[PDB]
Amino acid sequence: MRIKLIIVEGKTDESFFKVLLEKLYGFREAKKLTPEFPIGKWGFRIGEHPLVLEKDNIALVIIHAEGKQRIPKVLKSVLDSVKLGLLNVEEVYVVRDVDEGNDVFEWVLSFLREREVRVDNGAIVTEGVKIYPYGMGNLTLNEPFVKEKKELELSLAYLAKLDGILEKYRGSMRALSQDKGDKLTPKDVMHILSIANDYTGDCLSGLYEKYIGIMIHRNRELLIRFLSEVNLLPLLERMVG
């Protein structure tokens, strides 16, 4: 079983990748397989249960709710384990909103200073492990009343744009911005999408699974186009590769 580690910031990011990896690429959640990942090997806070997705001979272990000082501890433990051959991890993905801190590549690399690292095409190679940092939100969502914040919600907003949902409203975006007394954030648009799709769930993360889940069998070519225009296909291709 090939082991890959995927690190995201929160539940919202986890769901986004989960619905794509399951519904589009055919991955499934691990069975009753609930092995207490030894904090001594992976370096994750006690009581944390990662999401394990599998397909064929590949196991994707996704984790979130890390922290600004936990990511480095996770990478250090895992890399310390691989060095001793204690883990089979062969690929590590680290994704975060572009508008967060400095560039994502420089960020990940600042944690690998004491390690021998060789670079390739978007891949950081160290100790036989390919590390793929990735910034979410590299695109331009051209909406008059929406602030240009590069993050997960900006991409999801663009998908709504292509789906024609932002045009179906617009009057609402204008009205909301007027009442708010400022331009809308991509997160506010996520709340407009909830109303537009008559979403009755508690969490936006749930909405992303529902919304993208239906588009896959409703207008699969549209979703593919979105993933391609936002530069998400190559990343996804690597995760399942």
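All residue numbers refer to positions in the sequence shown, first residue = 1.
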* Given 52 to 60 and 27 to 35, the range whose Cα B-factors average higher in the PDB entry -> 27 to 35
* Asked: Which has higher Cα B-factors on average according to the PDB entry: 168 to 176 or 195 to 203?
  -> 168 to 176
* In terms of CA temperature factor as recorded, identify the highest of 147, 130, 73, 150. => 73
* Of 190, 65, 212, 184, which one's C-alpha B factor is largest in the deposited record? -> 65
* C-alpha B factor of residue 154, ranked within the chain: lowest, middle or highest third? -> lowest
* Structure fact -> Sorting the chain's modelled residues by C-alpha B-factor and splitting them into thirds places residue 91 in the lowest
* Asked: Once the chain's modelled residues are ordered by C-alpha B factor and cut into thirds, is residue 142 in the lowest, middle or highest one?
  -> highest
* Asked: residue 135's Cα B-factor: lowest, middle or highest third of the chain?
  -> lowest
* Structure fact -> On the chain's distribution of Cα B-factors, residue 222 falls within the third called highest
